[PDB]
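A.B. asks: Need coordinates for the following:
(6 chains)
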Amino acid sequence: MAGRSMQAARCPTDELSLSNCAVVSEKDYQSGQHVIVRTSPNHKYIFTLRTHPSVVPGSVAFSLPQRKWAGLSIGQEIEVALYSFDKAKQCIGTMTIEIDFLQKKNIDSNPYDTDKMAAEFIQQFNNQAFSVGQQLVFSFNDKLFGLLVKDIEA
Amino acid sequence: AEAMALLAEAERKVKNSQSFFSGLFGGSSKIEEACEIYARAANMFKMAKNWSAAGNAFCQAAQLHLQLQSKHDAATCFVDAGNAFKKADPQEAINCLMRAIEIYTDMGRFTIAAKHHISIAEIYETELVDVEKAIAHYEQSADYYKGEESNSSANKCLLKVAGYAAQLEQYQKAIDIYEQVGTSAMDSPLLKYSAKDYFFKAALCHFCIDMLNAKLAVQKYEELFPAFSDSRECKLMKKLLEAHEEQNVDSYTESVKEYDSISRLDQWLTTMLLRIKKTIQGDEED
Amino acid sequence: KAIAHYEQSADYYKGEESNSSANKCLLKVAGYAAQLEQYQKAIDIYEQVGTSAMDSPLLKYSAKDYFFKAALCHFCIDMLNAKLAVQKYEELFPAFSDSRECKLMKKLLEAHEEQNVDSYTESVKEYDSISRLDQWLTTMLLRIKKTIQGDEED
Amino acid sequence: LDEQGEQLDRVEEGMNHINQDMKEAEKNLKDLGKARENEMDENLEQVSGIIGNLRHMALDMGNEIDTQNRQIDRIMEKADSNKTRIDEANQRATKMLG
Amino acid sequence: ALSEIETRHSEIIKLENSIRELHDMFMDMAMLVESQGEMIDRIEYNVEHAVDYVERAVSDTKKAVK
Amino acid sequence: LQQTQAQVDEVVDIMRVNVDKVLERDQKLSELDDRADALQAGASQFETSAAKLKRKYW
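C.D. replies: Numbering: from 1, shown residues only, chains lettered A, B, ... in the order given. Below you will find the coordinate block:
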């Protein structure tokens, strides 16, 4: 709870870059816990921790979407602190997302049933923290997409 | 006619006597005469193209002055002995340049100390390649030049630090250098048309630093982006680091030559450009 | 107090014909003094430097910006007092670098005198490219247009 | 360049009185002894003024640096002779101890 | 006059290139004399601190006769 | 345009005359340091020698 200064780092592999989880080391925090990244008085962002055996104790790994959302790079001082949600008024029950192809040089017109997408979305992004306007990337049938949280409902 | 006789003739006389040779006085006029023989010897060794016993002669000429009253002209003779073996290949000169530092540093003469403390790093990098100690002495001497606030001597040290922090590859410290020196320069008309060069030097130092600090350090340093060497920095950098964010090296390599068409590239920049181009390429595979 | 230090110190440097600091510390007096509070000192200083600047074959090219500083200080003056310096000074106006001193002025005098802003501001729309503007020049720009505000702003 | 050329004038201010004490303290020492191409055409005429201002101060900075180098020609000789005088005067003054 | 349109392009790009060549020599020139201004700063040290030793020493050697 | 080309190329050569100057600039900037640095100690130590001298002959 004290909040520890950490250094925004780079996501280890490409698997965890698709999870939108603050990848960390098993030696500091644990996967499942939630944290609030603090960069300035007017920048408080909330991430999901996801341990991984290739993170150096005392550094937090972030993916490009998080860094391209939180404006973070490999090597600045940030304060990360465990944050405990309020389940009663913060559990997601209906959430709108603006979806779009991540790679502009991979654009197709094939149909992808959303009914399968929502099911795979909850089967991969479960127990995660999502804020309004947050952008991330989803891998549907070996296809990268660029999600964008538009609205959340409790 | 050489001084090999002068050295031995004054070496007969350099005895620390306990006899009638002293009497009541020592050999004070005698030892000044002796050190003058050593002075004349050490000069004509350099006159005789010797370069190896010559700086040794300056060493000994100063050595027999160290314990008398004054290490001072003996310290300048150590500076001269540092100027002795420096032209030559032997490393004896650096030791004498230490001796000068722990006389001038030891005495309050940080100015001349910083004058040759930089030349030591010029030898540890150019000649006697020990470049992390060269850089530690550029940095230490720049600390001294900022001690007396002589700024651009320290900045000339900091380029040899920072410019050689690129191939030593601590980019995090390379960008830690050009900020506090160049944001101090927009008030100066002395360097303002140069200051944007330094925030190309700050900006292009990537370890793939893809934050908008590169999009913001260009702004805190308030900088008309329609400046026409910032056209050679800022929107240059836009094409250089948007194509990396496009993951597309081809128009990158065409536009870096388009920069070459309007301002030719030099060694430190070109090497860091092929460096960051490696980072862009190794990112565009995956 | 520092400007008094420059003043008495430049009095010593004047009385020793160390003309360097004699001109310099006076410039440090006037460049801040004019904008903040002292007005006749501005032209008196930049004319004291300007005459002996015109004298020496080393100095008479530094006089261009010195009489620029004498001119563009307006002292709640709407007039062509800068043009009084024009038909005073040895410009040799086929030297065009003084046109960035006075043809600048020959626009903006009648821009300020005809209380017009889209010619006054246009002068620096074009002059910012052909001369980089430091803090003091733009503060004086803002100074003469505060006189424009006092001419226009109800 | 101008403020540094008159900095060199304060160099002259130092050197003269140094050498004045050092043509003197040697004697005190022995006393001690005892329709847009036309817009391009306008840009060309802007540049025709530019090259005039260029060349005028180009010739003038030639004269300027030549003056500063002859000022250096003064400094070198007088400061170097005075370098000889300081070392002979210091060692002569010390060799008259006792 | 496609000959003269292509030359109006090409020769005048060479005109900017020539001014770019002198511009290279001039940014070299001005930043060089800039950099020299720091040796002038060390003069500013060694112009009167040199006097601050020398004239101050001869204030006591001339008065060492006293 | 070509009249201006010739004029400007004369001025390229005026800058080349500044390049002819700049070696004569920089070497002299070097050697004046090469004297001032060596002048500093001879200037510095003479007051100390003066102190060594004048304690005796009052």
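
A.B. asks: center of the chain, which residue is that?
C.D. replies: In the absence of a named chain, this looks at chain A. residue A:20 (2.3 Å; Cα atoms, centre = their mean).

A.B. asks: wrong one, I was asking about chain F
C.D. replies: The residue lying closest to the centre of chain F (Cα atoms, centre = their mean) is residue F:29, at 2.9 Å.

A.B. asks: list the contacts for that one?
C.D. replies: E:36, E:39 (Cβ atoms under 8 Å, 6 or more residues apart in numbering or on different chains). No exception for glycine: its C-beta is placed from N, CA and C like everyone else's.

A.B. asks: Remind me what the biggest helix by length in chain D packs against, helices and strands.
C.D. replies: Counting by DSSP state H, the longest helix found in chain D is helix D:37-94. When contacts are defined as 3 or more Cβ pairs under 8 Å, 6 or more residues apart in numbering or on different chains; DSSP states H and E, helix D:37-94 sits against helix D:2-22, helix D:25-33, helix F:2-54.

A.B. asks: Buried ones in the second one, by neighbour count?
C.D. replies: For helix D:25-33, burial by neighbour count (16 or more other Cβ atoms under 10 Å in any protein chain shown) applies to D:25-26, D:28-29, D:32.

A.B. asks: I'd like to know which residues of chain B are adjacent to chain C.
C.D. replies: With the criterion set to Cβ under 8 Å from any Cβ of the partner chain, chain B comes near chain C through B:186-187, B:189, B:192-193, B:224, B:226-227.

A.B. asks: any idea how far whichever residue of chain B sits closest to chain E lies from residue C:95?
C.D. replies: Going by Cβ to the nearest Cβ, chain E is nearest to residue B:152 of chain B, at 3.7 Å. According to Cβ to Cβ, to the nearest Å, residue B:152 stands 32 Å off from residue C:95.

A.B. asks: Same check on residue A:119?
C.D. replies: 79 Å.

A.B. asks: What sits closest to residue E:36 if chain neighbours are left out?
C.D. replies: Leaving out its chain neighbours, the residue that sits closest to residue E:36 by Cβ to Cβ, 6 or more residues apart in numbering or on different chains is residue F:29, at 5.0 Å.

A.B. asks: which residues sit in contact with the residue of chain E found nearest chain B?
C.D. replies: Using Cβ to the nearest Cβ, the single residue of chain E nearest to chain B is residue E:38, 3.7 Å away. By Cβ under 8 Å, 6+ apart, the contact list for residue E:38 reads B:150-153, B:156.

A.B. asks: cool, residue A:46 as well?
C.D. replies: Residues near residue A:46 by Cβ under 8 Å, 6+ apart: A:34-37, A:83, A:129, A:131.

A.B. asks: go on, residue A:40?
C.D. replies: By Cβ under 8 Å, 6+ apart, no residues touch residue A:40.

A.B. asks: mind checking the backbone torsions on it?
C.D. replies: phi -170, psi 160 (degrees, to the nearest 10).

A.B. asks: Angles on the backbone of residue A:147, please.
C.D. replies: Backbone geometry at residue A:147, expressed as degrees, to the nearest 10, gives phi -70, psi 160.

A.B. asks: follow-up on the earlier one: so which of the contacts of residue E:38 is the most crowded?
C.D. replies: residue B:153 (22 neighbours; other Cβ atoms under 10 Å in any protein chain shown).

A.B. asks: From what I see, that residue and residue B:117 are in contact.
C.D. replies: No. Counting by Cβ atoms under 8 Å, residue B:153 does not reach residue B:117; the two are 10.6 Å apart.

A.B. asks: Where does chain B get nearest to chain A, residue-wise?
C.D. replies: residue B:211 (3.6 Å).

A.B. asks: ok now do the residue of chain A found nearest chain F, which residues does it touch?
C.D. replies: Nearest residue of chain A to chain F: residue A:75, at 39.8 Å (Cβ to the nearest Cβ). By Cβ under 8 Å, 6+ apart, the contact set of residue A:75 is A:7-9, B:172, B:207, B:209.

A.B. asks: go with 6 Å
C.D. replies: Contacts here follow Cβ atoms under 6 Å, 6 or more residues apart in numbering or on different chains; on that basis residue A:75 touches A:7, B:172.

A.B. asks: Can you classify it by secondary structure?
C.D. replies: Reduced to three states with DSSP: H, G, I helix; E, B strand; the rest coil, the structure at residue A:75 is coil.

A.B. asks: just so I have it, where are all the strands in the stretch 51-200 of chain B?
C.D. replies: Read by DSSP state E, counting those that start in this stretch, the stretch 51-200 of chain B holds no strands at all.

A.B. asks: before we move on, what about chain A?
C.D. replies: A:4-10, A:22-24, A:34-40, A:43-51, A:60-62, A:77-82, A:94-97, A:135-139, A:144-153 (DSSP state E).

A.B. asks: Dump the third one to PDB, restricted to CA.
C.D. replies: Output of strand A:34-40 as PDB, limited to C-alpha atoms (Å, rounded to 0.1, in the frame of the first residue of the first chain):
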ATOM      1  CA  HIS A  34      -4.400  -4.600  -9.100                       C
ATOM      2  CA  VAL A  35      -2.300  -1.400  -9.100                       C
ATOM      3  CA  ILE A  36      -2.600   2.300  -9.800                       C
ATOM      4  CA  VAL A  37       0.300   3.800 -11.700                       C
ATOM      5  CA  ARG A  38       1.000   7.400 -10.700                       C
ATOM      6  CA  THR A  39       3.100   9.600 -13.000                       C
ATOM      7  CA  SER A  40       1.900  13.100 -12.000                       C
END
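
A.B. asks: buried residues in it?
C.D. replies: A:34-39.

A.B. asks: ok so, going back, most packed of the helices and strands packed on helix D:37-94?
C.D. replies: Mean neighbour count (mean count of other Cβ atoms under 10 Å in any protein chain shown) peaks for helix D:2-22 among these, with a mean of 18.

A.B. asks: Any residue of it touching chain B?
C.D. replies: No. On the criterion Cβ under 6 Å from any Cβ of the partner chain, helix D:2-22 is out of touch with chain B, staying 10.3 Å away.

A.B. asks: and that helix, is it in reach of chain F?
C.D. replies: No. For helix D:2-22, no contact with chain F is found by Cβ under 6 Å from any Cβ; the gap never falls below 8.4 Å.

A.B. asks: What is that helix packed up against?
C.D. replies: Counting contacts by 3 or more Cβ pairs under 6 Å, 6 or more residues apart in numbering or on different chains; DSSP states H and E, helix D:2-22 packs against helix C:19-36, helix D:37-94, helix E:49-61.
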